[PDB]
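K.L.:
Under PDB author numbering, the first residue of the sequence shown is numbered 1, with each subsequent residue one higher. What follows is a single structure, and I will ask about it in a moment.
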Amino acid sequence: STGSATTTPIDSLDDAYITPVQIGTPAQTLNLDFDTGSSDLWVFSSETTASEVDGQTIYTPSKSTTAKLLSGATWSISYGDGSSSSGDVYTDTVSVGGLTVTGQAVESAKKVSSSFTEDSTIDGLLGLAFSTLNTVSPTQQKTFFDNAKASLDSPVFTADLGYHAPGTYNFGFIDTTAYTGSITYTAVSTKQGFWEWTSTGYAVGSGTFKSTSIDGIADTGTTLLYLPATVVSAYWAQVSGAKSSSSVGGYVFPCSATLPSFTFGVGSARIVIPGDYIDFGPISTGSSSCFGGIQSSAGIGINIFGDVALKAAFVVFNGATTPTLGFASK
Numbered sequence: 001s002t003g004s005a006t007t008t009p010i011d012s013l014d015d016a017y018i019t020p021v022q023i024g025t026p027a028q029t030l031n032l033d034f035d036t037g038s039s040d041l042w043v044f045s046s047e048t049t050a051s052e053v054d055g056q057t058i059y060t061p062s063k064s065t066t067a068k069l070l071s072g073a074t075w076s077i078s079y080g081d082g083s084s085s086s087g088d089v090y091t092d093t094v095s096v097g098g099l100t101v102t103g104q105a106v107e108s109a110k111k112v113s114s115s116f117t118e119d120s121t122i123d124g125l126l127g128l129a130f131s132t133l134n135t136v137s138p139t140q141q142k143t144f145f146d147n148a149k150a151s152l153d154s155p156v157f158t159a160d161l162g163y164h165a166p167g168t169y170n171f172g173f174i175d176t177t178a179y180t181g182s183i184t185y186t187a188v189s190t191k192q193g194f195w196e197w198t199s200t201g202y203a204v205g206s207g208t209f210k211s212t213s214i215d216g217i218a219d220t221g222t223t224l225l226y227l228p229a230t231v232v233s234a235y236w237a238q239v240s241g242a243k244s245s246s247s248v249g250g251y252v253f254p255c256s257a258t259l260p261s262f263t264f265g266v267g268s269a270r271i272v273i274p275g276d277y278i279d280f281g282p283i284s285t286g287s288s289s290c291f292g293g294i295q296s297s298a299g300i301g302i303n304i305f306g307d308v309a310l311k312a313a314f315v316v317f318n319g320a321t322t323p324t325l326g327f328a329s330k
């Protein structure tokens, strides 16, 4: 089997991407944030505290003939941005882009933090990291990809995120028309439950490439590119007027700037992030100070290849017995 679904930016800044997901019988379609940095499939629901719902589409298990309460199971998750959610668990039929999993754990939110409530466009998350991070207790549950894997033509999914435009998540096949040149594959460590890999270095603009190992995670659920302070300082030093602002919470730059590209290494290959991808616009409406798309990972504890980086590539998440990651230009 295979699946193919279009993923669409939630706003003009590509702050996140939503992909339609069919849950239950008859289908209830919710727009979920596919997140390769977590492993819970959770949704706004009929059980969510009413004051914490503001425009989201909810899953109502009682209206699904295939929904079954997973008795005794609860979940609770906290994300890197400080947001969180928790609730109980149903199993139900879940389909993405024509690919169907029966008995998928669907984590129903009883509580969500303000960031989720305030984002009307995201109806929940679909985790695509390794199932060892799944928060369901007392019986840990598998991700959608893990459940689908055996049925897929090939044990892979691909992320093809757009810049200011729709893209695609495919399951079970590599669309050879979706990228240019070759795909370069690189080793993955699953020791922390993430798609963790080591970039071979970077360049700023038309500058020379610096060979240096940068361990980080491929995380579709994180907006920006978070790298070591040395790397980030070298980037922003090429933008006149750029500075790190503690009051804003990162590097800002004059909105009148033309930003240089940023290149990262994948083995001997190179992925180029155009400068425009690194512009996240005014810090506040009407401001001429703009927020940077490359920020320091210092104090996160991990480097994160978020959407800024991933959307410059066609990315293969290879879930073979020994997982690997593939990157191609596009």
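Even for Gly, the Cβ is constructed at its ideal location relative to N, Cα and C.
Taking 8 Å as the threshold, find out whether the region 192-202 comes into contact with the region 211-221 through three or more Cβ pairs.
P.N.:
Touching, yes.
K.L.:
Taking the alpha-carbon of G221 as reference, which of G127, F209 and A320 has the nearest alpha-carbon?
P.N.:
The residue labelled residue 221 in the question sits at position 221 within the sequence shown. Out of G127, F209 and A320, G127 has the C-alpha closest to the C-alpha of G221.
K.L.:
Can you give me the Cβ contacts of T132 inside the same chain, cut-off strictly under 6 Å, excluding the 5 residues immediately before and after it?
P.N.:
Taking the first residue of the sequence shown as 1, we reach residue 132 at position 132. Only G193 meet the Cβ criterion.
K.L.:
Using CA atoms only, rank isn't needed, just tell me which of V248, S64 and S329 is closest to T177.
P.N.:
For the purposes of this step, residue 177 is identified with residue 177 of the sequence shown, where counting begins at 1. Residue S329 is the option with its Cα nearest to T177.
K.L.:
Report yes or no: do three or more beta-carbon pairs, one from the region 138-152 and one from the region 93-113, lie closer than 8 Å?
P.N.:
At 8 Å Cβ cutoff, the stretches touch.
K.L.:
Return the chain-ordered ranges of every alpha helix (DSSP H) run that is complete within the region 73-120 and spans a minimum of 4 residues.
P.N.:
Runs found: 114-117.
K.L.:
Excluding sequence positions up to five away, which residues of its chain have a Cβ less than 7 Å from the Cβ of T49?
P.N.:
Here the question's residue 49 lines up with position 49 in the sequence shown. Contacts found: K110 and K111.
K.L.:
Counting along the chain, where does the alpha helix (DSSP H) carrying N147 start and finish?
P.N.:
For the purposes of this step, residue 147 is taken as residue 147 along the sequence shown, with counting starting at 1. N147 -> alpha helix (DSSP H) spans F144 to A148.
K.L.:
If you compare alpha carbons, which of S39, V21, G37 and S51 is closest to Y59?
P.N.:
Against the sequence shown, residue 59 aligns to sequence position 59. When only C-alpha atoms are compared, the closest one is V21.
K.L.:
Distance, Cα to Cα, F157 vs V53?
P.N.:
Reading the sequence shown from its first residue, position 157 is the one you call residue 157. Reading the sequence shown from its first residue, position 53 is the one you call residue 53. Answer to the nearest angstrom: the Cα atoms are 31 Å apart.
K.L.:
Is the distance from the Cβ of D276 to the Cβ of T223 below 8 Å?
P.N.:
Counting from one through the sequence shown, the residue named residue 276 turns up at place 276. Counting from one through the sequence shown, the residue named residue 223 turns up at place 223. Against a cut-off of 8 Å, the Cβ pair of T223 and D276 comes out as no contact.
K.L.:
DSSP state of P9, grouped into three classes?
P.N.:
Translated into positions along the sequence shown, residue 9 becomes position 9. Residue state, collapsed to three classes: strand.
K.L.:
Determine, using beta carbons only, whether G97 comes closer than 8 Å to chain C.
P.N.:
This model lacks chain C altogether; it includes just one protein chain.
K.L.:
DSSP on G275, reduced to helix/strand/coil?
P.N.:
By 1-based counting over the sequence shown, the position of residue 275 is 275. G275 falls in the helix class under three-state DSSP.
K.L.:
Per DSSP, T19 is paired with what?
P.N.:
Counting from 1 along the sequence shown, the entry for residue 19 is found at position 19. Answer is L32.
K.L.:
When DSSP builds the beta bridges, which residues end up paired with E196?
P.N.:
Start at 1 with the first residue of the sequence shown, and residue 196 comes out as number 196. Paired residues: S189 and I217.
K.L.:
Nearest CA to the CA of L69: which residue from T36, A105, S51 and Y185?
P.N.:
Stepping through the sequence shown from its first residue, residue 69 is reached at position 69. When each option's Cα is compared against that of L69, the closest is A105.
K.L.:
For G37 and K191, I'd like the C-alpha separation in whole angstroms.
P.N.:
What you label residue 37 is simply residue 37 of the sequence shown in a count that begins at 1. What you label residue 191 is simply residue 191 of the sequence shown in a count that begins at 1. Their backbone Cα atoms lie some 13 Å apart in a straight line.
K.L.:
Along the chain, where does the beta strand (DSSP E) that runs through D160 open and close?
P.N.:
Counted from its first residue, the sequence shown places residue 160 at position 160. Element bounds for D160: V156 to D160.
K.L.:
In the structure shown, what three-state DSSP assignment does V252 receive?
P.N.:
By one-based count along the sequence shown, residue 252 stands at place 252. DSSP places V252 in strand when its eight states are reduced to three.
K.L.:
State yes or no: is the C-beta of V43 within less than 8 Å of the C-beta of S108?
P.N.:
Stepping through the sequence shown from its first residue, residue 43 is reached at position 43. Stepping through the sequence shown from its first residue, residue 108 is reached at position 108. Result yes, Cβ atoms of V43 and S108 sit closer than 8 Å.
K.L.:
Buried or exposed for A229, please, with buried defined as at least 16 other CB atoms from any protein chain shown within 10 angstroms of its CB.
P.N.:
Your numbering for residue 229 matches position 229 in the sequence shown. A229 should be labelled exposed.
K.L.:
Hey, would you say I300 sits closer than 8 Å to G80, going by beta carbons?
P.N.:
Working through the sequence shown from its first residue, we reach residue 300 at position 300. Working through the sequence shown from its first residue, we reach residue 80 at position 80. Result yes, Cβ atoms of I300 and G80 sit closer than 8 Å.
K.L.:
Taking the straight line between their C-alpha atoms, what separation do you get for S62 and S115?
P.N.:
Locating residue 62 in the sequence shown gives position 62, counting from the first residue. Locating residue 115 in the sequence shown gives position 115, counting from the first residue. When rounded, the distance between both Cα atoms is 27 Å.
K.L.:
At the level of alpha carbons, what is the spacing between residue 410 and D175?
P.N.:
Nothing in the structure corresponds to residue 410, since the chain is present only between 1 and 330.
K.L.:
Roughly how many angstroms lie between the CA atoms of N303 and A234, to the nearest whole one?
P.N.:
Walking along the sequence shown from the start, residue 303 turns up at place 303. Walking along the sequence shown from the start, residue 234 turns up at place 234. Looking at the two C-alpha atoms, the distance is approximately 16 Å.
K.L.:
Check this for me: beta carbons of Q238 and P260, under 8 Å apart or not?
P.N.:
Counting from one through the sequence shown, the residue named residue 238 turns up at place 238. Counting from one through the sequence shown, the residue named residue 260 turns up at place 260. Their beta carbons are under 8 Å apart, which means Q238 touches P260 by this criterion.
K.L.:
Flag this pair as yes or no: are the beta carbons of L152 and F171 separated by less than 8 Å?
P.N.:
Counting from one through the sequence shown, the residue named residue 152 turns up at place 152. Counting from one through the sequence shown, the residue named residue 171 turns up at place 171. Yes, these two residues count as a Cβ contact at 8 Å.
K.L.:
Round the Cβ separation of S289 and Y226 to the nearest angstrom and send it over; I've been treating them as touching at under 8 Å.
P.N.:
As a first step, residue 289 is located in the sequence shown; it is residue number 289 there, counting from the start. As a first step, residue 226 is located in the sequence shown; it is residue number 226 there, counting from the start. 20 Å between Cβ atoms; not a contact.
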